[PDB]
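J.: If you scroll down you'll find the structure; I have some questions about it.
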Amino acid sequence: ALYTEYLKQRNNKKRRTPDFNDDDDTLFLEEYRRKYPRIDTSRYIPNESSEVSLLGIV
Amino acid sequence: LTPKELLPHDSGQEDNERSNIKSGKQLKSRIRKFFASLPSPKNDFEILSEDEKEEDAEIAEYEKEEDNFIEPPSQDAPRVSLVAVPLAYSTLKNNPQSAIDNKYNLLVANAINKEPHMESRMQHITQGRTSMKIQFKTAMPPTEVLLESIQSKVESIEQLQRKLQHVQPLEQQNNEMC
Amino acid sequence: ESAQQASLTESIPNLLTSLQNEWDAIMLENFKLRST
Amino acid sequence: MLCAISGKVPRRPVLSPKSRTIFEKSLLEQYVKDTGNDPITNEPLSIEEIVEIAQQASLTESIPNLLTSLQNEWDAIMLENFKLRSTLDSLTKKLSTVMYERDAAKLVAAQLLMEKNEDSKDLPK
Amino acid sequence: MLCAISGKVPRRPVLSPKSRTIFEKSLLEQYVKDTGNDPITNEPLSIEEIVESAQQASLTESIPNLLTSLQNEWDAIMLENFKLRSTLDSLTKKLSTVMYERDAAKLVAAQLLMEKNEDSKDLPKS
C-alpha cells in the first residue's frame, strides 16, 4: 500500500521542534534533547578514537 | 654520639607525622569525597534544628575557604574528636531492620518527588542550552575534522560502490549471453 | 560455521532519517520487482 | 527470569561460578573485557568461568503504527534512564550535607562537655 | 582477505567444507596432495570438497547492520544503568548508617544541653 500510494510514513521530528518556557510534556522533550546530546558526543568520541583507520580498512 | 643525615631524616619524619595529623583532622567530609556560598540561605533557615543548623552552616562556610571567612580556630581536634566518637558509639538485628525499613521509606520518597516533576523547567533547558553549546561545538569540530578525512575516503568508498553496480549489470547480460 | 562498516559522522538520524530510507527502499524496490 | 545487569528476559543466559547470578552472555562479556571481575560481588572471574545456561513470543496486535511505537519506547527509555541519574547525584549530594552536620555536631559536643566539666568543678567548691 | 596457511593475500580463494576458512587454491591443493586433510582442524578433506546466484548484493554499510547497531546502543545503555544501580546501593547504604548515627547522636546533644544548663541552673542558685 505504501509503495502503490508512493507515500512514506512520517517519523517523529518533535525533538528538533522543542522550545523553551513550555509545558510539562515539553519538559520531557528538552530532557530528551540532553540524553540525545550525551549519546551523540559519546558516539562521536568512539569515531575520533578509531580514526580514519576504521574507514580505511573497510 | 655522632649523628650524620639522621636529624634530617628525623625532621622529615616529624614533618611527615605533623602533616598526617593536619590532613586527618581537617574535616571528615572534605577529606573523604564530595557548594555555593550563601549567607541569605543561612539567614532564611534560622526559623529546623534552630541551633545546630546555624552551627553546621558556619562550619560549611569556614571549610569552603558574597563570602566572608572568619574562624579557622576550630579544627588540635584529633584527640577530642576521638573521645567524642567513642562516647557517641557507646550510646548508640533490631537496629539493622529499623535502618533498612527507613531506607525503603526514603527510597519511596525519592521516587515520588521525581515522578511528580516529569521555575524548575527554565533551569533544565538552560542546562541543555549549555550542553547544546558545548557538545554540538564539540560535535562540529569532530565532524569537520572527520569530514576533512572521511569524505575524501567516502568518495573512495562510494565511487567503488558504484563500480559494483556496473560489474553486476555487466555480469548478468554476459551470463544471459553465455 | 570480520566485516567493518564505518558509521557516518552524522550518526536522531538512525531513528528518523536512516530507518525511513531503509523501509522506503525495501518497499519501492519489491513493488517495482513485482512490476518487473 | 531476569538478567541482573539489564533486567531483560535472557535469550542466551550464562551463570557465573564465583557468585550465584545468571547473567546474559553479551553483557557479562563486555564487563569482563573491561575489568576481570564479577559485577555483583567483585570477585576475580574470567570468560571461561561462565557456564552457558520459557521463550514466549510477543504478538503485539493486529506496521506504520509500529514505527511510532518504537519511537515512543526509545523516547521513554531515554527519560527513564535520565531521571534515575539525576536522582543518584542528588541523593549523594544530600548525603554530603548530612556528613558535614554529623562532624559539626560532634565538635559542638566538645564545647558542651567543657561547660559541664566547668560546672562540675564549681559545684564541688 | 588473508590465507590462513601462509598469511598472504590469496589470488584464488577456495573455502573448505570441513573447517570454514578461506584458503588459497594453489596452497591448499598441495596440502591436500600431501595428506588428505584440512590444515586447521585435521579433518578429512579432498580436492572436490574444496570449492571456490541471481540476487544482486550491495556493500555492508551503516537494514541488517542498522538493526545490529541498535542492539549495541541499548546493550551499552543497559550497562550504564548498572553503574547507577550499584552506586545507588552504596550511597543509600551509607545514608542509612549516617542518618542512624545522626538520630542516635542528637539524643545525646539534647541531653547535654539539658545537663550543662541544669548544672548552670543548679550552681547559680546556690
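The chains in the C-alpha cells are called A, B, ... from first to last as shown; in each chain the residues are counted from 1, and the ligands are counted from 1 in the order shown.
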Pull out every residue of chain E that has at least one atom within 10 Å of chain B, counting only C-alpha atoms, and report them as number ranges by chain.
T.: E: 54, 56-59, 92-93, 95-97, 99-109
J.: Fewer than 3 positions away in the same chain doesn't count, so skip those; otherwise give me all residues within 12 Å of residue D:4, counting only C-alpha atoms, as a PyMOL selection string.
T.: (chain D and resi 1+7-10+13-16+20-25+27-28+38-40) or (chain E and resi 78-79+81-82+85-86)
J.: Using only C-alpha atoms, find each residue in chain C having at least one atom no more than 9 Å away from chain B; report its shortest atom-to-atom pair and that distance in Å (one decimal), rows by chain then rising number, as a Markdown table.
T.:
```
| residue | atom | partner | partner_atom | distance |
| --- | --- | --- | --- | --- |
| C:8 | CA | B:150 | CA | 8.8 |
| C:9 | CA | B:143 | CA | 5.7 |
| C:10 | CA | B:143 | CA | 7.3 |
```
J.: Taking only C-alpha atoms into account, report as a PDB file with N, CA, C and O atoms, in the first residue's frame which residues of chain D lie within 6 Å of chain B.
T.:
```pdb
ATOM      1  N   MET D  99      26.832  14.554  56.123  1.00  0.00           N
ATOM      2  CA  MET D  99      28.172  14.257  56.624  1.00  0.00           C
ATOM      3  C   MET D  99      28.831  15.483  57.252  1.00  0.00           C
ATOM      4  O   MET D  99      29.629  15.345  58.187  1.00  0.00           O
ATOM      5  N   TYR D 100      28.538  16.684  56.741  1.00  0.00           N
ATOM      6  CA  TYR D 100      29.068  17.888  57.379  1.00  0.00           C
ATOM      7  C   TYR D 100      28.415  18.127  58.736  1.00  0.00           C
ATOM      8  O   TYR D 100      29.102  18.457  59.708  1.00  0.00           O
ATOM      9  N   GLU D 101      27.091  17.957  58.826  1.00  0.00           N
ATOM     10  CA  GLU D 101      26.401  18.220  60.087  1.00  0.00           C
ATOM     11  C   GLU D 101      26.648  17.122  61.116  1.00  0.00           C
ATOM     12  O   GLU D 101      26.475  17.356  62.316  1.00  0.00           O
ATOM     13  N   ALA D 104      30.050  18.333  62.362  1.00  0.00           N
ATOM     14  CA  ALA D 104      29.937  19.609  63.062  1.00  0.00           C
ATOM     15  C   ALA D 104      29.269  19.448  64.422  1.00  0.00           C
ATOM     16  O   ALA D 104      29.593  20.189  65.356  1.00  0.00           O
TER      17      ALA D 104
END
```
J.: Interatomic distance between atom CA of residue E:51 and atom CA of residue E:16?
T.: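 Spanning atom CA of residue E:51 to atom CA of residue E:16 is a straight-line distance of 6.4 Å.
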J.: Mind dumping a table of every chain D residue within 9 Å of chain A, with the nearest atom pair and its distance in Å to one decimal, using only C-alpha atoms, sorted by chain and rising number, as JSON lines?
T.:
```
{"residue": "D:64", "atom": "CA", "partner": "A:9", "partner_atom": "CA", "distance": 6.0}
{"residue": "D:65", "atom": "CA", "partner": "A:9", "partner_atom": "CA", "distance": 8.9}
{"residue": "D:67", "atom": "CA", "partner": "A:11", "partner_atom": "CA", "distance": 7.7}
{"residue": "D:68", "atom": "CA", "partner": "A:11", "partner_atom": "CA", "distance": 7.1}
{"residue": "D:71", "atom": "CA", "partner": "A:12", "partner_atom": "CA", "distance": 7.3}
{"residue": "D:75", "atom": "CA", "partner": "A:32", "partner_atom": "CA", "distance": 7.0}
{"residue": "D:76", "atom": "CA", "partner": "A:32", "partner_atom": "CA", "distance": 8.7}
{"residue": "D:78", "atom": "CA", "partner": "A:35", "partner_atom": "CA", "distance": 6.4}
{"residue": "D:79", "atom": "CA", "partner": "A:32", "partner_atom": "CA", "distance": 6.3}
{"residue": "D:81", "atom": "CA", "partner": "A:35", "partner_atom": "CA", "distance": 8.7}
{"residue": "D:82", "atom": "CA", "partner": "A:35", "partner_atom": "CA", "distance": 6.9}
```
J.: Need to verify the contact set: stretch 18-25 of chain E, 9 Å, only C-alpha atoms, exclusion of same-chain residues closer than 4 positions in sequence. Can you return it as a list in words?
T.: residues 1 of chain C; 1, 2, 3, 4, 5, 6, 8, 9, 10, 11, 12, 13, 14, 29, 30, 38, 39, 40, 41, 42, 43, 44, 45, 49, 50 and 52 of chain E
J.: Would you put the residues from that selection into a file with N, CA and C atoms, as a compact mmCIF listing (two decimals), in the first residue's frame?
T.:
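Below is the file that was written, out.txt:
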```txt
# COMPACT_ATOMS: atom_id res chain seq x y z
N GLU C 1 29.92 -23.82 10.30
CA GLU C 1 30.21 -22.41 10.56
C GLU C 1 31.62 -22.05 10.14
N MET E 1 40.54 -12.38 2.91
CA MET E 1 41.48 -11.33 2.56
C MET E 1 42.89 -11.88 2.76
N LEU E 2 43.01 -12.77 3.74
CA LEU E 2 44.24 -13.47 4.06
C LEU E 2 44.06 -14.97 3.89
N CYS E 3 45.17 -15.66 3.65
CA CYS E 3 45.20 -17.11 3.64
C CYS E 3 45.71 -17.59 4.99
N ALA E 4 44.99 -18.53 5.60
CA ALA E 4 45.33 -18.96 6.96
C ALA E 4 46.59 -19.81 7.01
N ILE E 5 47.02 -20.38 5.89
CA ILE E 5 48.23 -21.19 5.88
C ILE E 5 49.46 -20.30 5.80
N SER E 6 49.52 -19.42 4.80
CA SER E 6 50.71 -18.63 4.54
C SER E 6 50.67 -17.26 5.22
N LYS E 8 49.47 -14.57 3.20
CA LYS E 8 49.47 -13.65 2.08
C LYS E 8 48.03 -13.33 1.67
N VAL E 9 47.89 -12.48 0.66
CA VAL E 9 46.59 -12.18 0.06
C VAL E 9 46.33 -13.22 -1.01
N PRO E 10 45.33 -14.09 -0.85
CA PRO E 10 45.11 -15.16 -1.83
C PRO E 10 44.57 -14.62 -3.15
N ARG E 11 45.20 -15.02 -4.25
CA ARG E 11 44.76 -14.64 -5.58
C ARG E 11 43.77 -15.63 -6.18
N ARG E 12 43.53 -16.75 -5.51
CA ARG E 12 42.48 -17.69 -5.91
C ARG E 12 41.93 -18.35 -4.65
N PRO E 13 40.97 -17.70 -3.98
CA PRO E 13 40.45 -18.25 -2.72
C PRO E 13 39.50 -19.43 -2.95
N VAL E 14 39.70 -20.50 -2.19
CA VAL E 14 38.77 -21.62 -2.11
C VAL E 14 38.46 -21.87 -0.64
N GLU E 29 45.78 -27.04 -2.27
CA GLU E 29 45.88 -28.22 -3.13
C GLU E 29 47.14 -29.02 -2.83
N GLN E 30 48.26 -28.34 -2.57
CA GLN E 30 49.48 -29.01 -2.16
C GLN E 30 49.35 -29.62 -0.77
N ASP E 38 42.47 -31.24 6.05
CA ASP E 38 42.24 -29.82 6.26
C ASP E 38 43.26 -29.31 7.28
N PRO E 39 44.07 -28.29 6.95
CA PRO E 39 45.18 -27.93 7.85
C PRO E 39 44.80 -27.37 9.22
N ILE E 40 43.60 -26.82 9.40
CA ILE E 40 43.25 -26.25 10.70
C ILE E 40 42.84 -27.34 11.68
N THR E 41 41.74 -28.04 11.39
CA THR E 41 41.15 -28.98 12.33
C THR E 41 41.63 -30.42 12.15
N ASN E 42 42.44 -30.68 11.12
CA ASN E 42 42.96 -32.02 10.77
C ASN E 42 41.84 -33.02 10.48
N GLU E 43 40.73 -32.55 9.91
CA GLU E 43 39.67 -33.42 9.45
C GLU E 43 39.88 -33.79 7.99
N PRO E 44 39.24 -34.85 7.52
CA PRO E 44 39.46 -35.30 6.14
C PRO E 44 38.84 -34.35 5.12
N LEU E 45 39.60 -34.04 4.08
CA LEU E 45 39.14 -33.13 3.04
C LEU E 45 39.84 -33.45 1.73
N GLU E 49 36.08 -31.53 -2.42
CA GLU E 49 35.41 -30.94 -1.26
C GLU E 49 35.70 -29.45 -1.15
N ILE E 50 36.90 -29.02 -1.55
CA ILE E 50 37.21 -27.59 -1.60
C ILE E 50 36.52 -26.97 -2.81
N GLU E 52 35.66 -23.10 -4.80
CA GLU E 52 35.93 -21.67 -5.00
C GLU E 52 34.79 -20.79 -4.49
```
J.: Between chain E and chain C, at 6 Å or less, what are the per-residue closest atom pairs and their distances in Å? Count only C-alpha atoms, order by chain and rising residue number, and return it as CSV.
T.:
```
residue,atom,partner,partner_atom,distance
E:61,CA,C:5,CA,5.2
E:62,CA,C:7,CA,5.4
E:63,CA,C:22,CA,5.9
```
J.: May I have a table of the residues of chain A lying at most 12 Å from chain C, giving each one's closest pair of atoms and their distance in Å to one decimal, counting only C-alpha atoms, ordered by chain and ascending residue number, as CSV?
T.:
```
residue,atom,partner,partner_atom,distance
A:1,CA,C:27,CA,9.1
A:2,CA,C:27,CA,7.2
A:3,CA,C:28,CA,5.3
A:4,CA,C:31,CA,7.7
A:5,CA,C:28,CA,10.3
A:6,CA,C:28,CA,7.9
A:7,CA,C:24,CA,9.0
A:8,CA,C:24,CA,6.8
A:9,CA,C:20,CA,7.8
A:10,CA,C:20,CA,8.3
A:11,CA,C:16,CA,5.7
A:12,CA,C:16,CA,6.8
A:13,CA,C:16,CA,7.4
A:14,CA,C:12,CA,10.5
A:15,CA,C:12,CA,8.3
A:16,CA,C:12,CA,9.2
A:32,CA,C:12,CA,10.7
A:33,CA,C:12,CA,9.7
A:35,CA,C:12,CA,10.9
A:36,CA,C:12,CA,7.4
A:37,CA,C:12,CA,9.6
A:39,CA,C:12,CA,9.9
A:40,CA,C:11,CA,7.4
A:41,CA,C:11,CA,10.2
A:42,CA,C:11,CA,10.8
A:43,CA,C:11,CA,7.5
A:44,CA,C:9,CA,7.1
A:45,CA,C:9,CA,10.5
A:46,CA,C:7,CA,10.3
A:47,CA,C:9,CA,7.6
A:48,CA,C:9,CA,9.6
A:50,CA,C:6,CA,9.8
A:51,CA,C:6,CA,10.3
A:52,CA,C:6,CA,9.0
A:53,CA,C:6,CA,9.8
A:54,CA,C:6,CA,6.4
A:55,CA,C:6,CA,5.4
A:56,CA,C:6,CA,9.0
A:57,CA,C:4,CA,7.4
A:58,CA,C:4,CA,5.5
```
J.: Quick one: write out the picked residues with C-alpha atoms as a PDB file, in the first residue's frame?
T.:
```pdb
ATOM      1  CA  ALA A   1       0.000   0.000   0.000  1.00  0.00           C
ATOM      2  CA  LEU A   2       2.828   2.421   0.835  1.00  0.00           C
ATOM      3  CA  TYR A   3       4.618   1.748  -2.462  1.00  0.00           C
ATOM      4  CA  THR A   4       1.419   1.954  -4.537  1.00  0.00           C
ATOM      5  CA  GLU A   5       0.436   5.247  -2.892  1.00  0.00           C
ATOM      6  CA  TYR A   6       4.177   6.275  -3.075  1.00  0.00           C
ATOM      7  CA  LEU A   7       3.690   7.854   0.381  1.00  0.00           C
ATOM      8  CA  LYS A   8       6.024   7.248   3.330  1.00  0.00           C
ATOM      9  CA  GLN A   9       5.014   7.001   6.984  1.00  0.00           C
ATOM     10  CA  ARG A  10       6.057  10.096   8.911  1.00  0.00           C
ATOM     11  CA  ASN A  11       8.780   9.893  11.549  1.00  0.00           C
ATOM     12  CA  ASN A  12       8.867  11.962  14.739  1.00  0.00           C
ATOM     13  CA  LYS A  13      10.803  15.205  14.232  1.00  0.00           C
ATOM     14  CA  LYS A  14       9.484  16.614  17.531  1.00  0.00           C
ATOM     15  CA  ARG A  15      12.961  16.600  19.134  1.00  0.00           C
ATOM     16  CA  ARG A  16      14.116  19.217  16.624  1.00  0.00           C
ATOM     17  CA  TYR A  32      15.217  14.045  25.744  1.00  0.00           C
ATOM     18  CA  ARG A  33      17.468  16.505  23.892  1.00  0.00           C
ATOM     19  CA  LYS A  35      20.142  12.485  26.586  1.00  0.00           C
ATOM     20  CA  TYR A  36      20.498  12.618  22.801  1.00  0.00           C
ATOM     21  CA  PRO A  37      23.429  15.099  23.011  1.00  0.00           C
ATOM     22  CA  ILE A  39      24.789   9.934  23.358  1.00  0.00           C
ATOM     23  CA  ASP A  40      25.875  11.917  20.285  1.00  0.00           C
ATOM     24  CA  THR A  41      29.077  13.088  21.988  1.00  0.00           C
ATOM     25  CA  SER A  42      29.768   9.507  23.111  1.00  0.00           C
ATOM     26  CA  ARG A  43      29.223   8.242  19.555  1.00  0.00           C
ATOM     27  CA  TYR A  44      31.495  10.979  18.178  1.00  0.00           C
ATOM     28  CA  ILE A  45      34.136  10.123  20.804  1.00  0.00           C
ATOM     29  CA  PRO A  46      34.334   6.490  19.555  1.00  0.00           C
ATOM     30  CA  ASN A  47      34.822   7.579  15.912  1.00  0.00           C
ATOM     31  CA  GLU A  48      37.631  10.019  16.919  1.00  0.00           C
ATOM     32  CA  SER A  50      39.105   4.814  15.934  1.00  0.00           C
ATOM     33  CA  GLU A  51      40.456   7.477  13.492  1.00  0.00           C
ATOM     34  CA  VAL A  52      40.170   7.120   9.659  1.00  0.00           C
ATOM     35  CA  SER A  53      41.920   3.736  10.102  1.00  0.00           C
ATOM     36  CA  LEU A  54      38.435   2.221  10.564  1.00  0.00           C
ATOM     37  CA  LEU A  55      37.224   3.863   7.349  1.00  0.00           C
ATOM     38  CA  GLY A  56      40.475   2.727   5.727  1.00  0.00           C
ATOM     39  CA  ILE A  57      40.099  -0.991   6.455  1.00  0.00           C
ATOM     40  CA  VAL A  58      36.534  -1.143   5.117  1.00  0.00           C
TER      41      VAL A  58
END
```
J.: Could you list, as a ChimeraX atom specification, every residue of chain D that has an atom within 10 Å of an atom of chain E, counting only C-alpha atoms?
T.: /D:4-8,26-28,30-31,39-40,74,77-78,81-82,84-85,87-89,91-96,98-99,101-103,105-106,108-109,112-120,122-124
J.: Name the residues in contact with residue B:39 at a cut-off of 12 Å, using only C-alpha atoms, excluding same-chain residues fewer than 2 positions from it; report them as number ranges by chain.
T.: B: 36-37, 41-46, 54, 57-58, 60-61, 66-69
J.: Rounded to one decimal in Å, what is the spacing between atom CA of residue E:47 and atom CA of residue E:33?
T.: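 Straight-line distance from atom CA of residue E:47 to atom CA of residue E:33 works out to 8.4 Å.
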